[PDB]
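What follows is a single structure, written as structure tokens, with notes after it.
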2 protein chains.
Amino acid sequence: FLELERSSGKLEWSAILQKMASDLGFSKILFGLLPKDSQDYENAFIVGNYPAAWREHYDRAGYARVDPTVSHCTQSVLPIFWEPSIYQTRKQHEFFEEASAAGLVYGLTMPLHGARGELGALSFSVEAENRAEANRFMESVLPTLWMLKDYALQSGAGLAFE
Amino acid sequence: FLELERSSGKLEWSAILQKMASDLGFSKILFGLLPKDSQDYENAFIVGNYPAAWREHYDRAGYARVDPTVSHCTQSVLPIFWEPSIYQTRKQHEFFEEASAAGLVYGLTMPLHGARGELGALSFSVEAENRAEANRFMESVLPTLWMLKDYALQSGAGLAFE
Ligand SMILES: CCCCCCCC(=O)CC(=O)N[C@H]1CCOC1=O
Ligand SMILES: CCCCCCCC(=O)CC(=O)N[C@H]1CCOC1=O
């Protein structure tokens, strides 16, 4: 946890975060951050190992307005699991189809709301065989994730905000 | 935690928040929240069972501007433990000495930063003989408190202001 805070720069910070996520049994992560009052989602600060094709397509298609995890983040400080039922609109249906093709089926997103108005998300995706297995897994590590997201946010904003 | 989310009104929500903190070892607590950019701390939505003399005295001589925990809250999302490591100035000396007289020797403060810009603090005080035991009491449930502060924040911001 405290290693995040000590890491000099983005690159080593990112590596620490990815490894910590890997330890817990997640295969993909995204840490994404925007400053206060900003809605420039396509130029957010992004770290992690999401597929670059997904990231580019997402930004090009403006999926930040479509991704149900992102609207949720703008509205809440509580985690959102990537349950089928968060994908409610036709476009979110297609979003899910496309996210699945990129390996992003099971996971959750922890909203980030930093001390200086930063808005963001920390998503963790797990490769699982079914929704029963995935959810039960995420539920096991959730208290750890909960502390992790705020440490990530404070240190991560700290390399971004300054 | 969901029993908090379902709370209809402030009084009802307050009782369950007080009960839960109490169940966790914290006989004194303060949930205080401001809307976006409200620096008038005496305007803040306030629940908990801090001694009323302390609160009114606090909200009148601008102890919010002296309290090291509030300074921290405007800069961090991470918890701050109440200790001389944070009370070090002379103006912060007597703050602690006075907080001590009111029974607030040991505790911690979870900064609050809600999704719509809300600013505030959830503070838990614990009764203990010494700081070693005090820290044990707090660190043992810190993951639970971490979840509780965000649950309190989301539900709370929706009752205070909505
Ligand atoms: C506020 C920061 C800007 C947003 C960066 C992109 C946010 C996300 O990509 C959220 C996220 O992890 N969504 C997941 C949900 C299934 O597919 C995804 O890509
Ligand atoms: C943003 C909220 C506006 C003012 C709310 C008061 C917050 C606090 O009272 C912080 C707090 O709990 N300080 C602790 C430290 C020892 O005595 C106290 O009263």
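Chains: A, B, ... in order of the structure tokens. Residues: from 1 per chain. Ligands: from 1, in order shown.
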> If you count only C-alpha atoms, which residues fall within 10 Å of residue 39 in chain B, apart from same-chain ones fewer than 4 positions away, as a list in words?
Replying inline: residues 34, 35, 43, 44, 64, 65 and 119 of chain B
Taking a cut-off of 7 Å and counting only C-alpha atoms, can you build a table that, for each residue of chain B near chain A, reports the nearest atom pair and how far apart they are in Å (one decimal), sorted by chain then residue number, as CSV?
```
residue,atom,partner,partner_atom,distance
B:74,CA,A:115,CA,5.8
B:75,CA,A:115,CA,5.1
B:76,CA,A:115,CA,5.2
B:77,CA,A:115,CA,5.9
B:78,CA,A:150,CA,6.7
B:113,CA,A:113,CA,6.0
B:114,CA,A:77,CA,6.6
B:115,CA,A:76,CA,5.2
B:116,CA,A:75,CA,6.9
B:117,CA,A:117,CA,6.5
B:143,CA,A:143,CA,5.9
B:146,CA,A:147,CA,6.5
B:147,CA,A:146,CA,6.7
B:150,CA,A:77,CA,6.2
B:151,CA,A:78,CA,6.9
B:154,CA,A:77,CA,6.3
```
How about saving the chosen residues, N, CA and C atoms kept, as a compact mmCIF listing (two decimals), in the first residue's frame?
```txt
# COMPACT_ATOMS: atom_id res chain seq x y z
N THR B 74 -8.95 18.23 3.56
CA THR B 74 -9.07 19.04 2.34
C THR B 74 -7.93 18.75 1.37
N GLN B 75 -7.08 17.80 1.74
CA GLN B 75 -5.90 17.50 0.96
C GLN B 75 -5.74 16.00 0.69
N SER B 76 -6.46 15.18 1.45
CA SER B 76 -6.28 13.73 1.37
C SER B 76 -7.60 12.98 1.33
N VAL B 77 -7.56 11.72 0.89
CA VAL B 77 -8.70 10.82 1.06
C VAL B 77 -8.35 9.77 2.10
N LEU B 78 -7.12 9.82 2.59
CA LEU B 78 -6.64 8.80 3.51
C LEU B 78 -6.98 9.17 4.96
N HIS B 113 -15.17 12.89 0.52
CA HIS B 113 -15.22 13.62 -0.73
C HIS B 113 -16.26 12.96 -1.59
N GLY B 114 -17.46 13.53 -1.62
CA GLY B 114 -18.56 12.90 -2.32
C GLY B 114 -18.53 13.15 -3.82
N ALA B 115 -19.36 12.40 -4.54
CA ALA B 115 -19.34 12.41 -6.01
C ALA B 115 -19.71 13.76 -6.62
N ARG B 116 -20.43 14.59 -5.88
CA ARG B 116 -20.91 15.86 -6.40
C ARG B 116 -20.13 17.03 -5.81
N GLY B 117 -18.99 16.73 -5.22
CA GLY B 117 -18.14 17.77 -4.69
C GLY B 117 -18.29 18.00 -3.20
N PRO B 143 -10.42 -1.93 7.88
CA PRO B 143 -11.04 -2.23 6.58
C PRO B 143 -12.56 -2.03 6.59
N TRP B 146 -13.38 1.55 6.52
CA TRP B 146 -13.08 2.13 5.22
C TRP B 146 -14.30 2.05 4.34
N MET B 147 -14.97 0.90 4.41
CA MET B 147 -16.20 0.69 3.69
C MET B 147 -17.31 1.56 4.28
N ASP B 150 -17.48 5.30 3.18
CA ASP B 150 -18.00 5.58 1.84
C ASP B 150 -19.50 5.30 1.79
N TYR B 151 -19.93 4.24 2.46
CA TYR B 151 -21.37 3.98 2.60
C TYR B 151 -22.04 5.13 3.32
N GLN B 154 -22.09 8.24 0.82
CA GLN B 154 -23.10 8.18 -0.24
C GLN B 154 -24.53 8.37 0.30
```
Considering only C-alpha atoms, give me a table of residues in range 17-56 of chain B that are at most 12 Å from range 1-4 of chain B, with the closest atom pair and distance in Å for each, as JSON lines.
```
{"residue": "B:17", "atom": "CA", "partner": "B:4", "partner_atom": "CA", "distance": 7.2}
{"residue": "B:18", "atom": "CA", "partner": "B:4", "partner_atom": "CA", "distance": 10.9}
{"residue": "B:19", "atom": "CA", "partner": "B:4", "partner_atom": "CA", "distance": 11.0}
{"residue": "B:20", "atom": "CA", "partner": "B:1", "partner_atom": "CA", "distance": 8.9}
{"residue": "B:21", "atom": "CA", "partner": "B:1", "partner_atom": "CA", "distance": 11.4}
```
> Which parts of range 3-141 of chain A does DSSP call alpha helix (DSSP H) when run on the backbone here, written out as a ChimeraX atom specification?
Replying inline: /A:3-6,10-24,52-60,68-75,90-101,131-141
>> Based on the backbone DSSP call, show me all residues of range 4-143 of chain A assigned strand (DSSP E or B), as a PyMOL selection string.
In response: chain A and resi 28-34+45-48+80-81+107-113+119-125
>> Hey, which residues sit close to ligand 2? Say within 7 Å, counting only C-alpha atoms and all ligand atoms, and write them as a ChimeraX atom specification.
In response: /B:30,32-34,41-42,44,64,67,69-70,82,96,99,104-105,109,119-121,123
Generate a file of the selected residues that holds N, CA, C and O atoms, formatted as a tab-separated table (two decimals), in the first residue's frame.
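Resulting contents of out_20.tsv:
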```tsv
chain	number	residue	atom	x	y	z
B	30	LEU	N	-18.46	11.64	14.85
B	30	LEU	CA	-19.00	12.80	14.14
B	30	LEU	C	-18.96	12.59	12.64
B	30	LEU	O	-17.89	12.38	12.05
B	32	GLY	N	-19.73	14.88	9.55
B	32	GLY	CA	-19.94	16.27	9.16
B	32	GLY	C	-19.70	16.44	7.68
B	32	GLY	O	-18.68	16.03	7.17
B	33	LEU	N	-20.64	17.06	6.98
B	33	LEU	CA	-20.53	17.19	5.53
B	33	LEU	C	-20.93	18.57	5.03
B	33	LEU	O	-21.94	19.13	5.46
B	34	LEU	N	-20.15	19.10	4.10
B	34	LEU	CA	-20.47	20.34	3.41
B	34	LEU	C	-20.76	20.08	1.95
B	34	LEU	O	-20.24	19.11	1.38
B	41	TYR	N	-17.80	26.11	7.74
B	41	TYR	CA	-17.93	24.83	8.42
B	41	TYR	C	-19.10	24.80	9.40
B	41	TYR	O	-19.60	23.73	9.74
B	42	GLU	N	-19.56	25.98	9.83
B	42	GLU	CA	-20.68	26.05	10.76
B	42	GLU	C	-22.02	25.86	10.05
B	42	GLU	O	-23.08	25.84	10.68
B	44	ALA	N	-22.28	23.15	8.07
B	44	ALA	CA	-22.20	21.73	7.74
B	44	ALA	C	-23.33	20.89	8.34
B	44	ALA	O	-23.75	21.10	9.48
B	64	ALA	N	-12.39	24.31	13.27
B	64	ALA	CA	-12.31	23.66	11.96
B	64	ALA	C	-11.12	24.18	11.16
B	64	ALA	O	-10.57	23.47	10.31
B	67	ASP	N	-8.17	22.57	13.69
B	67	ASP	CA	-8.19	21.10	13.74
B	67	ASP	C	-7.31	20.50	12.65
B	67	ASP	O	-7.62	20.64	11.47
B	69	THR	N	-7.14	17.58	11.63
B	69	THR	CA	-7.84	16.57	10.84
B	69	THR	C	-8.62	17.19	9.67
B	69	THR	O	-8.76	16.57	8.62
B	70	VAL	N	-9.11	18.41	9.85
B	70	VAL	CA	-9.88	19.09	8.81
B	70	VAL	C	-8.96	19.63	7.71
B	70	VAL	O	-9.32	19.67	6.53
B	82	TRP	N	-5.67	10.52	15.25
B	82	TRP	CA	-5.49	11.66	16.14
B	82	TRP	C	-4.27	11.46	17.03
B	82	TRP	O	-4.30	10.64	17.93
B	96	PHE	N	-6.12	19.88	21.28
B	96	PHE	CA	-6.13	18.51	21.74
B	96	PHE	C	-6.39	18.43	23.23
B	96	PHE	O	-7.09	17.54	23.69
B	99	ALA	N	-10.05	18.98	23.50
B	99	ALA	CA	-10.75	17.80	22.99
B	99	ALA	C	-10.63	16.65	23.98
B	99	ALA	O	-11.56	15.85	24.15
B	104	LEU	N	-12.36	13.10	24.01
B	104	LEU	CA	-11.93	12.78	22.66
B	104	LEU	C	-10.41	12.64	22.54
B	104	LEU	O	-9.78	13.35	21.77
B	105	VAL	N	-9.84	11.71	23.29
B	105	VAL	CA	-8.40	11.52	23.31
B	105	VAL	C	-7.93	10.72	22.09
B	105	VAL	O	-7.09	11.17	21.32
B	109	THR	N	-10.00	10.00	11.75
B	109	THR	CA	-10.86	10.77	10.87
B	109	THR	C	-10.70	10.30	9.44
B	109	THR	O	-9.60	10.24	8.92
B	119	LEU	N	-17.86	17.92	0.71
B	119	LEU	CA	-16.63	17.88	1.48
B	119	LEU	C	-16.98	17.66	2.94
B	119	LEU	O	-17.94	18.23	3.44
B	120	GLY	N	-16.21	16.82	3.63
B	120	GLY	CA	-16.50	16.53	5.02
B	120	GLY	C	-15.59	15.52	5.70
B	120	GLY	O	-14.48	15.23	5.22
B	121	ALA	N	-16.08	14.98	6.82
B	121	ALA	CA	-15.29	14.11	7.67
B	121	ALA	C	-16.15	13.14	8.48
B	121	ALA	O	-17.20	13.51	9.00
B	123	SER	N	-15.53	10.98	11.77
B	123	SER	CA	-14.57	10.78	12.83
B	123	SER	C	-15.10	9.80	13.84
B	123	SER	O	-16.28	9.84	14.21
```
> By how many Å are CA of residue 107 in chain B and CA of residue 85 in chain B apart?
Replying inline: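 Pair CA of residue 107 in chain B / CA of residue 85 in chain B returns 13.2 Å.
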Which neighbours of residue 48 in chain A fall inside 12 Å, counting only C-alpha atoms, when residues of the same chain fewer than 2 positions from it are skipped, and could you give them as a PDB file with N, CA and C atoms, in the first residue's frame?
```pdb
ATOM      1  N   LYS A  10       5.094   7.825 -12.513  1.00  0.00           N
ATOM      2  CA  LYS A  10       4.013   7.083 -13.151  1.00  0.00           C
ATOM      3  C   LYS A  10       4.370   5.645 -13.479  1.00  0.00           C
ATOM      4  N   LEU A  11       5.531   5.449 -14.099  1.00  0.00           N
ATOM      5  CA  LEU A  11       5.860   4.151 -14.677  1.00  0.00           C
ATOM      6  C   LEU A  11       6.024   3.091 -13.598  1.00  0.00           C
ATOM      7  N   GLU A  12       6.832   3.377 -12.586  1.00  0.00           N
ATOM      8  CA  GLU A  12       7.013   2.420 -11.503  1.00  0.00           C
ATOM      9  C   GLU A  12       5.748   2.308 -10.670  1.00  0.00           C
ATOM     10  N   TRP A  13       5.034   3.420 -10.519  1.00  0.00           N
ATOM     11  CA  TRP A  13       3.760   3.416  -9.797  1.00  0.00           C
ATOM     12  C   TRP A  13       2.803   2.450 -10.472  1.00  0.00           C
ATOM     13  N   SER A  14       2.672   2.609 -11.787  1.00  0.00           N
ATOM     14  CA  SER A  14       1.827   1.734 -12.581  1.00  0.00           C
ATOM     15  C   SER A  14       2.204   0.270 -12.394  1.00  0.00           C
ATOM     16  N   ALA A  15       3.506  -0.011 -12.401  1.00  0.00           N
ATOM     17  CA  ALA A  15       3.979  -1.381 -12.259  1.00  0.00           C
ATOM     18  C   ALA A  15       3.610  -1.943 -10.890  1.00  0.00           C
ATOM     19  N   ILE A  16       3.706  -1.110  -9.859  1.00  0.00           N
ATOM     20  CA  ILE A  16       3.335  -1.547  -8.516  1.00  0.00           C
ATOM     21  C   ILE A  16       1.852  -1.882  -8.444  1.00  0.00           C
ATOM     22  N   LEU A  17       1.041  -1.022  -9.049  1.00  0.00           N
ATOM     23  CA  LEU A  17      -0.402  -1.172  -9.011  1.00  0.00           C
ATOM     24  C   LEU A  17      -0.807  -2.443  -9.746  1.00  0.00           C
ATOM     25  N   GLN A  18      -0.249  -2.636 -10.939  1.00  0.00           N
ATOM     26  CA  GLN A  18      -0.538  -3.824 -11.741  1.00  0.00           C
ATOM     27  C   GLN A  18      -0.131  -5.101 -11.013  1.00  0.00           C
ATOM     28  N   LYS A  19       1.035  -5.077 -10.371  1.00  0.00           N
ATOM     29  CA  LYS A  19       1.501  -6.244  -9.640  1.00  0.00           C
ATOM     30  C   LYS A  19       0.582  -6.520  -8.457  1.00  0.00           C
ATOM     31  N   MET A  20       0.231  -5.475  -7.709  1.00  0.00           N
ATOM     32  CA  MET A  20      -0.678  -5.659  -6.579  1.00  0.00           C
ATOM     33  C   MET A  20      -1.984  -6.277  -7.045  1.00  0.00           C
ATOM     34  N   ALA A  21      -2.483  -5.800  -8.177  1.00  0.00           N
ATOM     35  CA  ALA A  21      -3.704  -6.352  -8.755  1.00  0.00           C
ATOM     36  C   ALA A  21      -3.512  -7.803  -9.179  1.00  0.00           C
ATOM     37  N   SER A  22      -2.383  -8.081  -9.818  1.00  0.00           N
ATOM     38  CA  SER A  22      -2.039  -9.441 -10.212  1.00  0.00           C
ATOM     39  C   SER A  22      -2.002 -10.382  -9.002  1.00  0.00           C
ATOM     40  N   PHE A  26      -6.346 -10.508 -10.327  1.00  0.00           N
ATOM     41  CA  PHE A  26      -6.982  -9.809 -11.441  1.00  0.00           C
ATOM     42  C   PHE A  26      -6.033  -9.777 -12.636  1.00  0.00           C
ATOM     43  N   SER A  27      -6.551  -9.939 -13.849  1.00  0.00           N
ATOM     44  CA  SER A  27      -5.657  -9.943 -15.006  1.00  0.00           C
ATOM     45  C   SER A  27      -5.565  -8.588 -15.707  1.00  0.00           C
ATOM     46  N   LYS A  28      -6.587  -7.753 -15.586  1.00  0.00           N
ATOM     47  CA  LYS A  28      -6.523  -6.431 -16.212  1.00  0.00           C
ATOM     48  C   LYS A  28      -6.973  -5.337 -15.251  1.00  0.00           C
ATOM     49  N   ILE A  29      -6.307  -4.191 -15.300  1.00  0.00           N
ATOM     50  CA  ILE A  29      -6.734  -3.048 -14.508  1.00  0.00           C
ATOM     51  C   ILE A  29      -6.720  -1.787 -15.335  1.00  0.00           C
ATOM     52  N   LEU A  30      -7.513  -0.827 -14.886  1.00  0.00           N
ATOM     53  CA  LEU A  30      -7.477   0.509 -15.424  1.00  0.00           C
ATOM     54  C   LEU A  30      -7.602   1.486 -14.265  1.00  0.00           C
ATOM     55  N   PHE A  31      -6.648   2.395 -14.162  1.00  0.00           N
ATOM     56  CA  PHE A  31      -6.750   3.540 -13.269  1.00  0.00           C
ATOM     57  C   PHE A  31      -6.869   4.740 -14.198  1.00  0.00           C
ATOM     58  N   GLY A  32      -7.935   5.510 -14.029  1.00  0.00           N
ATOM     59  CA  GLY A  32      -8.193   6.651 -14.875  1.00  0.00           C
ATOM     60  C   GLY A  32      -8.623   7.857 -14.065  1.00  0.00           C
ATOM     61  N   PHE A  45      -5.976  10.877 -17.515  1.00  0.00           N
ATOM     62  CA  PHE A  45      -4.785  10.153 -17.128  1.00  0.00           C
ATOM     63  C   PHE A  45      -5.173   8.688 -16.995  1.00  0.00           C
ATOM     64  N   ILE A  46      -4.487   7.812 -17.724  1.00  0.00           N
ATOM     65  CA  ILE A  46      -4.818   6.387 -17.737  1.00  0.00           C
ATOM     66  C   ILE A  46      -3.598   5.527 -17.454  1.00  0.00           C
ATOM     67  N   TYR A  50      -5.268  -2.433 -20.009  1.00  0.00           N
ATOM     68  CA  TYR A  50      -6.411  -2.687 -20.883  1.00  0.00           C
ATOM     69  C   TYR A  50      -5.890  -2.850 -22.315  1.00  0.00           C
ATOM     70  N   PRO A  51      -6.569  -3.649 -23.150  1.00  0.00           N
ATOM     71  CA  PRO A  51      -6.068  -3.719 -24.532  1.00  0.00           C
ATOM     72  C   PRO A  51      -6.077  -2.349 -25.190  1.00  0.00           C
ATOM     73  N   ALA A  52      -4.976  -2.020 -25.862  1.00  0.00           N
ATOM     74  CA  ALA A  52      -4.817  -0.717 -26.499  1.00  0.00           C
ATOM     75  C   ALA A  52      -5.865  -0.486 -27.587  1.00  0.00           C
ATOM     76  N   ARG A  55      -8.949   0.593 -25.603  1.00  0.00           N
ATOM     77  CA  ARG A  55      -8.762   1.976 -25.161  1.00  0.00           C
ATOM     78  C   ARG A  55      -8.968   2.980 -26.300  1.00  0.00           C
ATOM     79  N   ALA A 121     -11.726   6.493 -11.934  1.00  0.00           N
ATOM     80  CA  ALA A 121     -12.182   5.120 -11.740  1.00  0.00           C
ATOM     81  C   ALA A 121     -11.001   4.196 -11.561  1.00  0.00           C
ATOM     82  N   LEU A 122     -11.159   3.205 -10.692  1.00  0.00           N
ATOM     83  CA  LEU A 122     -10.219   2.089 -10.652  1.00  0.00           C
ATOM     84  C   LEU A 122     -10.994   0.800 -10.887  1.00  0.00           C
ATOM     85  N   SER A 123     -10.769   0.225 -12.059  1.00  0.00           N
ATOM     86  CA  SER A 123     -11.439  -0.991 -12.486  1.00  0.00           C
ATOM     87  C   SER A 123     -10.493  -2.163 -12.362  1.00  0.00           C
ATOM     88  N   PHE A 124     -11.048  -3.304 -11.978  1.00  0.00           N
ATOM     89  CA  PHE A 124     -10.302  -4.545 -11.836  1.00  0.00           C
ATOM     90  C   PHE A 124     -11.084  -5.597 -12.594  1.00  0.00           C
ATOM     91  N   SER A 125     -10.466  -6.258 -13.569  1.00  0.00           N
ATOM     92  CA  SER A 125     -11.161  -7.329 -14.283  1.00  0.00           C
ATOM     93  C   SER A 125     -10.519  -8.683 -14.024  1.00  0.00           C
TER      94      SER A 125
END
```
> Between A:133, A:100, A:160, A:149, which one has atoms that come closest to ligand 1, using only C-alpha atoms and all ligand atoms?
Replying inline: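 Among the listed residues, A:100 lies closest to ligand 1.
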>> Calculated over only C-alpha atoms and all ligand atoms, which of the candidates A:89, A:129, A:94, A:108 has the smallest distance to ligand 1?
In response: A:108
>> Restricting the calculation to only C-alpha atoms: of A:98, A:156, A:127, A:84, which residue gets closest to residue 54 in chain A?
In response: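 Among the listed residues, the smallest separation from residue 54 in chain A belongs to A:98.
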